[PDB]
Amino acid sequence: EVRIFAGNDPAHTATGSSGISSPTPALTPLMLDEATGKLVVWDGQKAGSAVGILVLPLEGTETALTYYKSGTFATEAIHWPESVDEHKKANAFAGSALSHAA
Amino acid sequence: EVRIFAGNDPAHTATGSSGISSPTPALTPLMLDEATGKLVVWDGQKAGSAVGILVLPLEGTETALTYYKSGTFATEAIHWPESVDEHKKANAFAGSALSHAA
Amino acid sequence: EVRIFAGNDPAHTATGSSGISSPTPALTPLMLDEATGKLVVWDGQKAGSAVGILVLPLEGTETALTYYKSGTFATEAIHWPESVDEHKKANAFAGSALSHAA
């Protein structure tokens, strides 16, 4: 059984305005869009800017999305951005209730 | 029974330095004051800048306040700022352990 | 029994890239390094920038560290920076799942 919640701390979900405009798979790191305040895919440019993980896939036309706001996740189940800094990747969720480990 | 904790995830409280100088009702979104570091009413200008919800009303002369730091709240019980952007309102707590839904 | 977890809300830990290059004791407030994205000692310059508390001491040569990401801690057990603003100290963890009280 390949655990996707490589942690015991209960995972909880939340809903929020989505600013994503393209098919996005589940288990994708999310960040807040500085200009609109909507949740979009985490760009990997800053550690701690990832405020959530997509729970269900998005078609790209949804006005809202569902995300995990807490819990410990398996690094391998998460869909990271191409060639993301390893340090920013390790601390992507630092500051929130989310974390991830091997 | 009109639930005010439209969620199951346990709500927890915390205390912190208040920078509010006016009667403020309970269930009000709080943000950190950039200049002083004290907690004041959330201005609705940025998504994810709301770090807490006032638990008890403030006279406006308190040096400290009590706030919920986690849990899922009913959008309707929270006292939002006049004409706040709906997207910033939906994701006001994104990044923290707090969230809110209908 | 001098409680170090002056709270009931379960404490949880996480791992992350450390940017600390000197012996650092356990129970030390951590912040994210703007330039590298690595976790380093909280400088006390901003309220809410403390994203964690060191769980185990660091020699100063580790590439990773372990930190508590949630829970309520005793202000007295935490190792604060010399002459840190009291307001920024009180709200050092505001926004995260962490808090601290007497």
Side-chain angles (χ1 to χ4, degrees), chain A residues 4-7 9 11 13-14 16-60 62 65-82 84-102, chain B residues 46-48 91 94-97, chain C residues 12-21 30-40 42 48-52 58 62-67 69 95-97:
Chain A
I4 306 71
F5 287 105
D9 51 316
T13 65
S17 174
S18 174
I20 297 177
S21 58
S22 58
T24 305
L27 299 177
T28 298
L30 306 168
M31 72 183 257
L32 285 171
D33 181 305
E34 285 292 55
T36 71
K38 298 178 186 178
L39 289 162
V40 300
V41 178
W42 180 60
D43 60 28
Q45 292 303 293
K46 287 186 63 177
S49 70
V51 304
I53 295 174
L54 191 58
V55 180
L56 301 180
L58 294 170
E59 293 302 3
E62 296 76 354
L65 59 64
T66 293
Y67 64 107
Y68 296 107
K69 61 164 186 177
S70 71
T72 306
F73 296 69
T75 302
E76 299 72 18
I78 297 172
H79 295 319
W80 305 91
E82 297 179 354
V84 56
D85 182 73
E86 286 286 350
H87 296 304
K88 299 184 176 181
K89 171 183 176 182
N91 303 338
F93 308 112
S96 78
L98 296 169
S99 57
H100 73 91
Chain B
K46 287 186 63 177
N91 303 338
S96 78
Chain C
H12 291 130
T13 65
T15 56
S17 174
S18 174
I20 297 177
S21 58
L30 306 168
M31 72 183 257
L32 285 171
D33 181 305
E34 285 292 55
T36 71
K38 298 178 186 178
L39 289 162
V40 300
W42 180 60
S49 70
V51 304
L58 294 170
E62 296 76 354
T63 58
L65 59 64
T66 293
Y67 64 107
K69 61 164 186 177
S96 78

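Chain A is the first sequence line, chain B the second, and so forth, proteins listed ahead of strands; every chain is numbered from 1.
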Closest heavy-atom pair and its distance - [X], [Y]:
X	Y	result
A:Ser99	C:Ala14	CB-CB, 3.7 Å
A:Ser96	A:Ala50	OG-O, 4.3 Å
C:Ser17	A:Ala90	N-CB, 4.1 Å

Donor-acceptor pair, distance only, cut-off 3.5 Å: does the side chain of [X] make one with the backbone of [Y]?
X	Y	value
A:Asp33	A:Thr36	yes
A:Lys88	A:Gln45	yes
B:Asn91	B:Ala94	no
A:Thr24	A:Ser22	yes
A:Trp80	A:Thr75	yes

Here's a test for you: under side-chain contact (heavy atoms from CB on, under 4.5 Å), which of C:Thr63, C:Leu39, C:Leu58, C:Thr66 qualifies with C:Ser18? C:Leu58
Hey, are the side chains of [X] and [Y] touching, using non-hydrogen atoms and a 4.5 Å cut-off?
X	Y	result
A:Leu54	A:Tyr67	no
C:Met31	C:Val40	yes
A:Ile78	A:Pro29	yes
C:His12	A:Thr72	no

Got a second to check how far [X]'s [atom1] is from [Y]'s [atom2], nearest 0.5 Å?
X	Y	atom1	atom2	value
C:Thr13	C:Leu65	OG1	CG	11.0 Å
A:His100	A:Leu27	NE2	CG	13.0 Å
A:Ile20	A:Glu59	CD1	CD	12.0 Å

Run the side-chain contact (heavy atoms from CB on, under 4.5 Å) test on A:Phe5 and A:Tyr68 for me, step by step, so that the C-alpha distance in whole Å, both residues' side-chain angles and the decisive distance to 0.1 Å come before the verdict. CA-CA 11 Å; A:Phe5 287 105; A:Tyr68 296 107; 3.7 Å; yes
Check whether the side chains of A:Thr28 and A:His79 place a donor and an acceptor atom closer than 3.5 Å, and report yes or no.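 No, A:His79 and A:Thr28 have no side-chain donor paired with an acceptor closer than 3.5 Å.
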